[PDB]
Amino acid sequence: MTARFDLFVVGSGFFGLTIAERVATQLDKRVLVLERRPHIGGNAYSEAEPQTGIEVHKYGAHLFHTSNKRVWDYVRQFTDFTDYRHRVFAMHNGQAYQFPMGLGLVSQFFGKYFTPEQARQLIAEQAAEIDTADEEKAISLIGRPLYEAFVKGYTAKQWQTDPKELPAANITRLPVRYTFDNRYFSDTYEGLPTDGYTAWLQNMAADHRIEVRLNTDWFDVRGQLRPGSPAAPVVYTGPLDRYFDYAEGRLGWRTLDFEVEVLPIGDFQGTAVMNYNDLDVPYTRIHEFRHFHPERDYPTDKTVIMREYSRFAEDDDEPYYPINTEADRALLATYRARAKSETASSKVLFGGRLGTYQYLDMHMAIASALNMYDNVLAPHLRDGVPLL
């Protein structure tokens, strides 16, 4: 029997699309990508806002960075990168602060300049208030003043829970920089895709051997599709608990809501991203998208901002970050065993952030897929090797 496709990929985020592109192009195979949303790219999807023309990241700000030379070389086949270098500011009590915690924030907050060494001693003294051994571990690492100003209100909004009520294991290191360096990321390579994320994502899928089906949920079509390509493996990047119909209970997740507003002014905040650390401000962050692409010709009489909000994901909400409690990890342990049998019996592989129950940045999602490809999928499809 002639097969219609050689591989199915469920999900068109960076993990799915990396899988699909390597298999199409390197093995010369036919791939079908099923995407349940109205567009490709998963949460890295971007779109120009109509009134301004400004490219908006639809599901929050997506900053690209890596120290992996392979990933860097790979991504630049599909896009050029800009020389953008990410910096973040924090708003606390009507004042904007250099961020993350370093000499700049420390001198601003405490009202005078501290030397690298005077700052080391200052933090060590305030942190001494609680021993890390026995509000949190946070205080025990950075002191009560820095905690109550920059970590308490912001954690309470992210988790939608009082920090006294979250596990101490949640934080392992809460470092202060003892230098004035406020470059957010510390990786070798960084920038924004010059023509945006959506152009990059399409170029990943542009090969003629890759078909993408939008508005198509895998659980609606899998029974109509596999019979016609019965030997094709399935690379599944949707929710792991959902794959098994939630039989063992639901994995806990946190969502985000976004309010995009267009303002009749050129510049709302003078930077790309402002953290709002205070509990009395309902959003965690404001993004101002013009500052992501200074090099573009954007109108100077208008701007687009996005307010980002965290909440408790109800059943139905889009999953973004794992809550990862002790009961979630037993449940993940359970579903991992179920997945391992589904690989042996049905050729379904589990990958990506949802398939795996892990937060993954883009570069880690791409490297993960390159690994799945090199070690699991390429040996199976090209040679004979079992998928297990």
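So that there is no doubt, residue numbering starts at 1 and follows the sequence shown.
- The modelled chain is continuous from residue 280 to residue 281, since every residue of the deposited sequence in that stretch has coordinates.
- Look at the mean CA B-factor for 162-170 and for 204-212 in the entry; the higher one is 162-170.
- For the pair 288-296 and 310-318, the mean Cα B-factor is higher in 310-318.
- Residue 44 sits in the lowest third of its chain by CA B factor, as recorded in the PDB entry.
- Annotation for residue 358: C-alpha temperature factor in the highest third relative to the rest of the modelled chain, per the entry.
- Annotation for residue 35: CA B-factor lies in the lowest third of the chain's modelled residues.
- In this PDB entry, residue 78 carries a Cα temperature factor that places it within the middle third of its chain's modelled residues.
- Per the deposited record, the Cα B-factor of residue 9 falls in the lowest third when ranked against the other modelled residues of its chain.
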